[PDB]
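Everything below belongs to start28.csv, which stores CSV, C-alpha atoms and all ligand atoms.
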chain,number,residue,atom,x,y,z
E,1,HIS,CA,45.3,-18.2,74.1
E,2,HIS,CA,43.8,-21.0,72.0
E,3,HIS,CA,46.0,-20.6,68.8
E,4,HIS,CA,48.0,-23.9,69.5
E,5,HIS,CA,46.0,-25.9,66.9
E,6,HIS,CA,47.4,-23.7,64.0
E,7,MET,CA,50.9,-25.0,64.9
E,8,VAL,CA,53.2,-25.2,61.8
E,9,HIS,CA,56.6,-27.0,61.6
E,10,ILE,CA,59.2,-24.2,60.8
E,11,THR,CA,62.7,-25.0,59.5
E,12,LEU,CA,65.5,-22.5,58.9
E,13,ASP,CA,66.7,-21.6,55.4
E,14,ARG,CA,70.6,-21.9,55.4
E,15,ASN,CA,70.9,-19.8,52.2
E,16,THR,CA,69.4,-16.7,53.9
E,17,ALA,CA,71.7,-16.9,57.0
E,18,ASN,CA,74.4,-14.4,57.8
E,19,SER,CA,77.7,-16.2,57.1
E,20,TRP,CA,78.6,-16.4,60.9
E,21,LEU,CA,75.5,-18.5,61.8
E,22,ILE,CA,75.6,-22.2,62.6
E,23,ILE,CA,72.3,-24.0,61.8
E,24,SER,CA,71.8,-27.5,63.2
E,25,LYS,CA,71.4,-30.6,61.0
E,26,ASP,CA,67.6,-30.7,61.7
E,27,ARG,CA,67.3,-26.9,60.7
E,28,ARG,CA,65.5,-26.2,63.9
E,29,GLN,CA,68.3,-24.4,65.9
E,30,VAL,CA,70.6,-21.5,65.1
E,31,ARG,CA,73.5,-19.8,67.0
E,32,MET,CA,76.2,-17.2,66.4
E,33,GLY,CA,79.6,-18.7,65.5
E,34,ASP,CA,82.7,-16.8,66.7
E,35,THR,CA,84.0,-16.7,63.0
E,36,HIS,CA,82.9,-16.8,59.4
E,37,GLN,CA,81.4,-20.3,58.8
E,38,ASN,CA,83.1,-20.9,55.4
E,39,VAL,CA,80.1,-20.5,53.1
E,40,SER,CA,80.0,-18.6,49.7
E,41,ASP,CA,78.2,-15.2,49.6
E,42,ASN,CA,74.8,-14.8,47.8
E,43,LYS,CA,72.2,-12.1,47.4
E,44,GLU,CA,69.8,-13.7,50.0
E,45,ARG,CA,72.2,-13.6,53.0
E,46,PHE,CA,71.7,-10.9,55.7
E,47,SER,CA,75.1,-9.1,55.6
E,48,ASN,CA,75.1,-6.8,58.6
E,49,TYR,CA,73.3,-8.6,61.4
E,50,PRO,CA,73.0,-12.3,62.7
E,51,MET,CA,69.7,-12.9,60.9
E,52,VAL,CA,68.1,-15.9,59.1
E,53,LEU,CA,64.6,-16.6,57.6
E,54,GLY,CA,62.4,-19.7,57.9
E,55,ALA,CA,62.0,-21.7,54.7
E,56,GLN,CA,58.2,-21.6,54.8
E,57,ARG,CA,56.3,-18.8,53.0
E,58,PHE,CA,52.8,-17.8,54.1
E,59,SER,CA,50.2,-16.0,51.9
E,60,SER,CA,46.9,-17.0,53.7
E,61,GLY,CA,45.5,-18.6,56.8
E,62,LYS,CA,46.5,-18.8,60.5
E,63,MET,CA,49.9,-20.0,61.6
E,64,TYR,CA,51.5,-20.5,65.0
E,65,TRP,CA,55.0,-21.5,66.2
E,66,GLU,CA,57.2,-21.3,69.3
E,67,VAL,CA,60.8,-20.3,69.8
E,68,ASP,CA,63.1,-21.1,72.8
E,69,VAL,CA,65.2,-18.0,73.9
E,70,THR,CA,66.6,-19.5,77.2
E,71,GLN,CA,69.6,-17.6,78.7
E,72,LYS,CA,69.9,-15.1,75.8
E,73,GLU,CA,70.7,-11.4,76.4
E,74,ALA,CA,69.6,-10.1,72.9
E,75,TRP,CA,67.4,-11.4,70.0
E,76,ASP,CA,64.7,-10.3,67.6
E,77,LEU,CA,61.8,-12.6,66.6
E,78,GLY,CA,58.7,-12.3,64.3
E,79,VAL,CA,57.9,-12.3,60.6
E,80,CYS,CA,58.8,-10.4,57.6
E,81,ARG,CA,58.1,-9.9,54.0
E,82,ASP,CA,59.9,-12.2,51.6
E,83,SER,CA,61.3,-9.1,49.8
E,84,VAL,CA,62.9,-7.3,52.8
E,85,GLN,CA,66.3,-5.7,52.3
E,86,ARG,CA,69.2,-8.2,53.0
E,87,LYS,CA,72.3,-5.9,52.6
E,88,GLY,CA,73.5,-2.9,54.6
E,89,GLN,CA,71.9,-1.2,57.6
E,90,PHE,CA,68.1,-0.9,58.3
E,91,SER,CA,65.7,-0.7,61.2
E,92,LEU,CA,63.1,-3.4,62.0
E,93,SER,CA,59.7,-1.7,61.3
E,94,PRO,CA,56.5,-2.4,59.5
E,95,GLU,CA,57.5,0.3,57.0
E,96,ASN,CA,60.5,-1.9,56.1
E,97,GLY,CA,58.5,-5.1,56.0
E,98,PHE,CA,59.1,-6.5,59.6
E,99,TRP,CA,56.7,-7.4,62.4
E,100,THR,CA,59.0,-8.2,65.4
E,101,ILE,CA,59.7,-7.9,69.1
E,102,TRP,CA,63.1,-8.0,70.7
E,103,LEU,CA,65.2,-8.2,73.9
E,104,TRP,CA,68.0,-5.7,74.3
E,105,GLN,CA,69.8,-4.4,77.5
E,106,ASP,CA,67.4,-6.0,79.9
E,107,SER,CA,64.2,-4.5,78.2
E,108,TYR,CA,61.7,-5.9,75.7
E,109,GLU,CA,60.3,-3.7,72.9
E,110,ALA,CA,58.1,-4.1,69.8
E,111,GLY,CA,59.6,-3.1,66.5
E,112,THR,CA,57.2,-0.2,65.7
E,113,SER,CA,58.7,3.1,64.5
E,114,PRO,CA,59.5,4.4,66.9
E,115,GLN,CA,59.8,1.3,69.1
E,116,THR,CA,57.2,0.5,71.8
E,117,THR,CA,58.0,-0.5,75.4
E,118,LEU,CA,56.7,-4.0,76.4
E,119,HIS,CA,55.5,-4.8,80.0
E,120,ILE,CA,56.8,-8.3,80.9
E,121,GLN,CA,56.8,-9.4,84.6
E,122,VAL,CA,58.0,-13.0,83.9
E,123,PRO,CA,61.0,-13.0,81.5
E,124,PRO,CA,60.1,-15.5,78.8
E,125,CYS,CA,62.1,-18.6,78.1
E,126,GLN,CA,59.7,-19.5,75.1
E,127,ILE,CA,57.8,-17.1,72.8
E,128,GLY,CA,54.7,-18.0,70.8
E,129,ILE,CA,54.1,-16.2,67.4
E,130,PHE,CA,50.6,-16.2,65.8
E,131,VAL,CA,50.0,-14.8,62.3
E,132,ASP,CA,46.4,-14.3,60.9
E,133,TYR,CA,47.1,-13.3,57.3
E,134,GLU,CA,43.6,-12.4,56.3
E,135,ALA,CA,42.9,-10.3,59.5
E,136,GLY,CA,46.3,-8.5,59.3
E,137,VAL,CA,47.5,-9.6,62.8
E,138,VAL,CA,50.8,-10.7,64.3
E,139,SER,CA,50.7,-11.5,68.0
E,140,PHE,CA,53.3,-12.6,70.6
E,141,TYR,CA,52.7,-14.8,73.7
E,142,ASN,CA,54.8,-15.5,76.8
E,143,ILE,CA,54.7,-19.3,77.0
E,144,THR,CA,56.6,-19.2,80.4
E,145,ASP,CA,53.7,-17.1,81.9
E,146,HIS,CA,50.7,-19.4,80.9
E,147,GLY,CA,50.6,-17.9,77.3
E,148,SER,CA,50.0,-14.3,78.4
E,149,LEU,CA,49.8,-11.7,75.6
E,150,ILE,CA,53.0,-9.7,75.0
E,151,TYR,CA,52.1,-7.6,71.9
E,152,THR,CA,49.6,-7.5,69.0
E,153,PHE,CA,50.4,-5.7,65.7
E,154,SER,CA,47.0,-5.1,64.0
E,155,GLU,CA,46.0,-3.3,60.7
E,156,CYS,CA,49.2,-5.0,59.3
E,157,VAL,CA,49.8,-4.3,55.6
E,158,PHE,CA,51.9,-7.5,54.8
E,159,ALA,CA,52.0,-6.6,51.0
E,160,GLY,CA,53.6,-9.9,50.1
E,161,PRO,CA,54.3,-13.5,51.2
E,162,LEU,CA,55.6,-13.7,54.8
E,163,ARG,CA,58.6,-15.6,56.2
E,164,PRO,CA,59.5,-16.5,59.8
E,165,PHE,CA,62.2,-14.1,61.0
E,166,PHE,CA,65.1,-14.6,63.5
E,167,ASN,CA,68.0,-12.6,64.9
E,168,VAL,CA,70.3,-14.5,67.4
E,169,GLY,CA,72.0,-11.2,68.3
E,170,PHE,CA,75.7,-10.3,68.6
E,171,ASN,CA,77.8,-11.8,71.3
E,172,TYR,CA,80.2,-8.9,72.2
E,173,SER,CA,79.5,-9.6,75.9
E,174,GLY,CA,80.3,-13.3,75.9
E,175,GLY,CA,76.8,-13.8,77.6
E,176,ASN,CA,74.7,-14.2,74.4
E,177,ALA,CA,76.1,-17.4,72.8
E,178,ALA,CA,73.0,-19.5,73.4
E,179,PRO,CA,70.9,-20.6,70.4
E,180,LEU,CA,67.4,-19.8,69.2
E,181,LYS,CA,65.5,-23.2,69.0
E,182,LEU,CA,62.2,-24.0,67.3
E,183,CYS,CA,60.2,-25.9,69.9
E,184,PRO,CA,58.3,-29.2,69.1
E,185,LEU,CA,54.6,-29.3,68.5
H,201,LIG,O1,80.7,-7.2,62.6
H,201,LIG,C1,80.6,-8.4,62.7
H,201,LIG,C2,81.0,-9.2,63.9
H,201,LIG,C3,82.3,-9.3,64.3
H,201,LIG,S1,82.2,-10.0,65.9
H,201,LIG,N1,80.5,-10.0,65.8
H,201,LIG,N2,80.1,-9.8,64.6
H,201,LIG,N3,80.1,-9.1,61.7
H,201,LIG,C4,79.5,-8.4,60.5
H,201,LIG,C5,78.1,-8.9,60.2
H,201,LIG,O2,78.1,-10.3,60.1
H,201,LIG,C6,78.5,-10.9,61.3
H,201,LIG,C7,79.9,-10.6,61.6
H,202,LIG,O1,51.9,-2.8,58.5
H,202,LIG,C1,51.8,-1.7,59.1
H,202,LIG,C2,52.2,-0.5,58.4
H,202,LIG,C3,52.7,-0.5,57.2
H,202,LIG,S1,53.6,1.0,57.0
H,202,LIG,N1,53.1,1.4,58.6
H,202,LIG,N2,52.1,0.8,58.9
H,202,LIG,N3,51.5,-1.7,60.4
H,202,LIG,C4,51.9,-2.9,61.2
H,202,LIG,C5,50.9,-3.1,62.3
H,202,LIG,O2,50.7,-2.0,63.1
H,202,LIG,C6,50.1,-1.0,62.3
H,202,LIG,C7,51.0,-0.5,61.2
Starting from the file, give its structure as structure tokens.
Amino acid sequence: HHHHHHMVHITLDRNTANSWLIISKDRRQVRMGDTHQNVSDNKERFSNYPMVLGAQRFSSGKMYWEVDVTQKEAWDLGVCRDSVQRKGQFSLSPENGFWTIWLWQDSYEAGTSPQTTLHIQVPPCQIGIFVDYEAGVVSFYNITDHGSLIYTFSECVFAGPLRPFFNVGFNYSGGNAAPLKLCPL
């Protein structure tokens, strides 16, 4: 792909984080803690899942960023509406305001409803995410495999400002402690 020139500097918004997440000083890395991280509750925090939003809001233009997923067993990545549900249980779908892909149990899937099987020969260590607001497109790229396309959501109905979306996943197995990291431009 040739989307690299739309690169944006994403930082994580601590106030939206699930209370077990640990975000680095530079706000560029996040991991699952093994306990509550001693923060007060607020209406922005994702309560049920290890999720956090980017601070940036996008309402126009073309945007690109990259995320490092090295040695993780489970995660979700993409974008979401600023007004997605924070509390209780929900599925990641465009109907609920999410445009995402994930790794779970050794398979990759796009967060359509129902979910769509992805075809990835080279397990990615870094994922590229491209948003074209005007066109209604969210695309995902395998940076480990020379930028090959993973998935394109088209005919998106964003219906609001968009925020970068992250889920570090649970660590029930003891094999999923590694962080998500925003990669440098
Ligand atoms: O259920 C758990 C849990 C215990 S161990 N893994 N996570 N929660 C509830 C949702 O916020 C994160 C902590
Ligand atoms: O945004 C939507 C949408 C809103 S409700 N269901 N459809 N999408 C996402 C991109 O793939 C096509 C459908």
Determine, for each residue of segment 81-149 of chain E having at least one atom at most 9 Å from an atom of segment 50-73 of chain E, the closest pair of atoms and their separation in Å to one decimal, counting all atoms listed in the file; order by chain and ascending number, as JSON lines.
{"residue": "E:82", "atom": "CA", "partner": "E:57", "partner_atom": "CA", "distance": 7.6}
{"residue": "E:103", "atom": "CA", "partner": "E:73", "partner_atom": "CA", "distance": 6.8}
{"residue": "E:104", "atom": "CA", "partner": "E:73", "partner_atom": "CA", "distance": 6.6}
{"residue": "E:105", "atom": "CA", "partner": "E:73", "partner_atom": "CA", "distance": 7.1}
{"residue": "E:106", "atom": "CA", "partner": "E:73", "partner_atom": "CA", "distance": 7.2}
{"residue": "E:124", "atom": "CA", "partner": "E:69", "partner_atom": "CA", "distance": 7.5}
{"residue": "E:125", "atom": "CA", "partner": "E:70", "partner_atom": "CA", "distance": 4.7}
{"residue": "E:126", "atom": "CA", "partner": "E:68", "partner_atom": "CA", "distance": 4.4}
{"residue": "E:127", "atom": "CA", "partner": "E:67", "partner_atom": "CA", "distance": 5.3}
{"residue": "E:128", "atom": "CA", "partner": "E:66", "partner_atom": "CA", "distance": 4.4}
{"residue": "E:129", "atom": "CA", "partner": "E:65", "partner_atom": "CA", "distance": 5.5}
{"residue": "E:130", "atom": "CA", "partner": "E:64", "partner_atom": "CA", "distance": 4.5}
{"residue": "E:131", "atom": "CA", "partner": "E:63", "partner_atom": "CA", "distance": 5.2}
{"residue": "E:132", "atom": "CA", "partner": "E:62", "partner_atom": "CA", "distance": 4.5}
{"residue": "E:133", "atom": "CA", "partner": "E:60", "partner_atom": "CA", "distance": 5.2}
{"residue": "E:134", "atom": "CA", "partner": "E:60", "partner_atom": "CA", "distance": 6.2}
{"residue": "E:143", "atom": "CA", "partner": "E:66", "partner_atom": "CA", "distance": 8.3}
Residues of chain E at most 7 Å from ligand LIG 202 (chain H): nearest atom pair and distance in Å, only C-alpha atoms and all ligand atoms, as CSV:
residue,atom,partner,partner_atom,distance
E:94,CA,H:LIG202,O1,4.7
E:95,CA,H:LIG202,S1,4.0
E:99,CA,H:LIG202,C4,6.7
E:153,CA,H:LIG202,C5,4.3
E:154,CA,H:LIG202,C5,4.7
E:155,CA,H:LIG202,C6,5.0
E:156,CA,H:LIG202,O1,3.6
E:157,CA,H:LIG202,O1,3.9
E:158,CA,H:LIG202,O1,6.0
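In this model, the gap between atom CA of residue 84 of chain E and atom CA of residue 36 of chain E comes to 23.1 Å.
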Around ligand LIG 201 (chain H), out to 12 Å and counting all atoms listed in the file, which residues are there? I want them as a PDB file with C-alpha atoms, keeping the file's coordinate frame.
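Just written: result02.pdb:
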ATOM      1  CA  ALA E  17      71.700 -16.900  57.000  1.00  0.00           C
ATOM      2  CA  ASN E  18      74.400 -14.400  57.800  1.00  0.00           C
ATOM      3  CA  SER E  19      77.700 -16.200  57.100  1.00  0.00           C
ATOM      4  CA  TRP E  20      78.600 -16.400  60.900  1.00  0.00           C
ATOM      5  CA  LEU E  21      75.500 -18.500  61.800  1.00  0.00           C
ATOM      6  CA  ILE E  22      75.600 -22.200  62.600  1.00  0.00           C
ATOM      7  CA  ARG E  31      73.500 -19.800  67.000  1.00  0.00           C
ATOM      8  CA  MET E  32      76.200 -17.200  66.400  1.00  0.00           C
ATOM      9  CA  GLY E  33      79.600 -18.700  65.500  1.00  0.00           C
ATOM     10  CA  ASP E  34      82.700 -16.800  66.700  1.00  0.00           C
ATOM     11  CA  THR E  35      84.000 -16.700  63.000  1.00  0.00           C
ATOM     12  CA  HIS E  36      82.900 -16.800  59.400  1.00  0.00           C
ATOM     13  CA  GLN E  37      81.400 -20.300  58.800  1.00  0.00           C
ATOM     14  CA  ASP E  41      78.200 -15.200  49.600  1.00  0.00           C
ATOM     15  CA  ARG E  45      72.200 -13.600  53.000  1.00  0.00           C
ATOM     16  CA  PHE E  46      71.700 -10.900  55.700  1.00  0.00           C
ATOM     17  CA  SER E  47      75.100  -9.100  55.600  1.00  0.00           C
ATOM     18  CA  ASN E  48      75.100  -6.800  58.600  1.00  0.00           C
ATOM     19  CA  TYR E  49      73.300  -8.600  61.400  1.00  0.00           C
ATOM     20  CA  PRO E  50      73.000 -12.300  62.700  1.00  0.00           C
ATOM     21  CA  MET E  51      69.700 -12.900  60.900  1.00  0.00           C
ATOM     22  CA  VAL E  52      68.100 -15.900  59.100  1.00  0.00           C
ATOM     23  CA  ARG E  86      69.200  -8.200  53.000  1.00  0.00           C
ATOM     24  CA  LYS E  87      72.300  -5.900  52.600  1.00  0.00           C
ATOM     25  CA  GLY E  88      73.500  -2.900  54.600  1.00  0.00           C
ATOM     26  CA  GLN E  89      71.900  -1.200  57.600  1.00  0.00           C
ATOM     27  CA  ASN E 167      68.000 -12.600  64.900  1.00  0.00           C
ATOM     28  CA  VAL E 168      70.300 -14.500  67.400  1.00  0.00           C
ATOM     29  CA  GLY E 169      72.000 -11.200  68.300  1.00  0.00           C
ATOM     30  CA  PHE E 170      75.700 -10.300  68.600  1.00  0.00           C
ATOM     31  CA  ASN E 171      77.800 -11.800  71.300  1.00  0.00           C
ATOM     32  CA  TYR E 172      80.200  -8.900  72.200  1.00  0.00           C
ATOM     33  CA  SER E 173      79.500  -9.600  75.900  1.00  0.00           C
ATOM     34  CA  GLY E 174      80.300 -13.300  75.900  1.00  0.00           C
ATOM     35  CA  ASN E 176      74.700 -14.200  74.400  1.00  0.00           C
ATOM     36  CA  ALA E 177      76.100 -17.400  72.800  1.00  0.00           C
TER      37      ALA E 177
END
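The space between atom CA of residue 141 of chain E and atom CA of residue 44 of chain E spans 29.2 Å.
Considering all atoms listed in the file, the residue among E:151, E:102, E:108, E:165 positioned nearest to residue 76 of chain E is E:102.
Nearest-residue note for residue 5 of chain E: choosing from E:42, E:185, E:24, E:140, the minimum distance belongs to E:185, counting only C-alpha atoms.
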Check the smallest atom-to-atom distance from each of E:26, E:13, E:109, E:145 to residue 163 of chain E using all atoms listed in the file, then report the winner. E:13
What is the atom CA of residue 139 of chain E-atom CA of residue 120 of chain E distance in Å, reported with one decimal? 14.6 Å
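Counting all atoms listed in the file and comparing E:150, E:162, E:122, E:137, the residue that lies closest to residue 101 of chain E is E:150.
In terms of minimum interatomic distance to residue 121 of chain E, E:142 ranks closest within E:142, E:152, E:15, E:93, counting all atoms listed in the file.
Counting all atoms listed in the file, the residue from E:40, E:29, E:16, E:113 that sits nearest to residue 98 of chain E is E:113.
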